[PDB]
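One structure is given below, encoded as structure tokens.
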Ligand SMILES: CC[N+](CC)(CC)Cc1ccccc1
Ligand SMILES: [Mg+2]
Ligand SMILES: [Mg+2]
Ligand SMILES: [Mg+2]
């Protein structure tokens, strides 16, 4: 049961949850990876990692992925949560130089991950290990696209560092643009492709129905995170959240902002249902009788199916994960799973 202020009946009724069969092995393998890569202290891994549910989030999303593809994705995803925590702590503690150096190393490791597998910063070496594995599944054209997208993500994190150090809350529209980058919309969208075993040609993945379905899946996920992570973000002096932009720039009360975010999330669902029909019609059109057409049709169908799965995976993750349970913490501003 989800509390009424966060409950989305359409998700519960029309987006049934799915779980990849590799999940039990994935859970342990990513936990071990966090420990062995020294991304979290051993005691925090043992106490918190499984309860954070990072592998459950990916195993409810990339259905049909080969096990080793899912493992690379789950390691990258867990890494990205640890990176969000590092970024937050660098801001809180005023470590502008350490953040700037990490930012530069991530840009370089993204282009040459093999070179960084044994870097002295374990966060950099862990990133490089997951990215090198992701780069082994599809042609180098996909790797170049992943890199282009992630360079843009790193710079969005840098912009968040500057906003928080200056005490600036972005306006609503500025925030919505930024959030497509800090949530890594295009990375999750890129990762659909190794999960279904096919790099999609530009003409296919830029078809308006594919693009719009991909966008709406991510807008839902990011704004639902904003809705559910608002309490811990207020407690932590985080400024990046649609609800915070609405309160700051449109004078909404907390209750009014929650209602507005919820309505925007709900609309993403029914806009997605409409565009999903068009995206699946496009998948049917790709099945032109040829072998390549069958492959592309099947890949698009699998990808759109996972765009749909993201809704339910993200929904349930926010109720299951210890990451958001601010009411349980000794210090609401310092989650117990971060290294402070
Ligand atoms: C902070 C982690 N993340 C990607 C894992 C940003 C890089 C946003 C996110 C939060 C919650 C669910 C899904 C993604
Ligand atoms: Mg965060
Ligand atoms: Mg963040
Ligand atoms: Mg959040």
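All residue numbers here begin at 1 and follow the chain in the order shown.
Per deposition record, X-ray crystallography, 1.3 Å.
Cβ atoms are placed via backbone N, Cα and C, with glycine included.
What Swiss-Prot lists as Mg(2+) 1 binding site is 84, 88. As annotated by Swiss-Prot, Mg(2+) 2 binding site applies to 84, 88. Among the features that Swiss-Prot reports, motif 'DDXXD motif' is placed at 84-88. The annotation Mg(2+) 3 binding site is assigned in Swiss-Prot to 225, 229, 233.
Residue 88 (Mg(2+) 1 binding site) has 233 as its nearest neighbour among the binding-site residues 225, 229, 233, going by CA to CA distance. Here the motif 'DDXXD motif' (84-88) has, by DSSP, the following mix of helix, strand and coil residues: 5 helix, 0 strand, 0 coil.
Within the set of binding-site residues 88, 225, 229, 233, no residue has a CB atom less than 6 Å from any atom of ligand 3. Across the structure, residue 84 (Mg(2+) 1 binding site) and residue 233 (Mg(2+) 3 binding site) are spaced 12 Å apart at their Cα atoms. Taking all protein chains in view, 15 other C-beta atoms sit within 10 angstroms of the C-beta of residue 84 (Mg(2+) 1 binding site). Summary of the Mg(2+) 3 site environment: with the site residues 225, 229, 233 set aside, the chain residues having Cβ atoms within 8 Å of the Cβ mean position are 226, 227, 228, 230, 232, 238, 241, 324.
Residues from the binding-site residues list (84, 88, 225, 229, 233) with a C-beta closer than 6 Å to any atom of ligand 1: 84, 225. DSSP classifies residue 233 (Mg(2+) 3 binding site) as helix under the three-state reduction.
Among the binding-site residues 84, 225, 229, residues whose Cβ is positioned under 6 Å from ligand 2 are identified as 84. DSSP gives residue 225 (Mg(2+) 3 binding site) a helix state.
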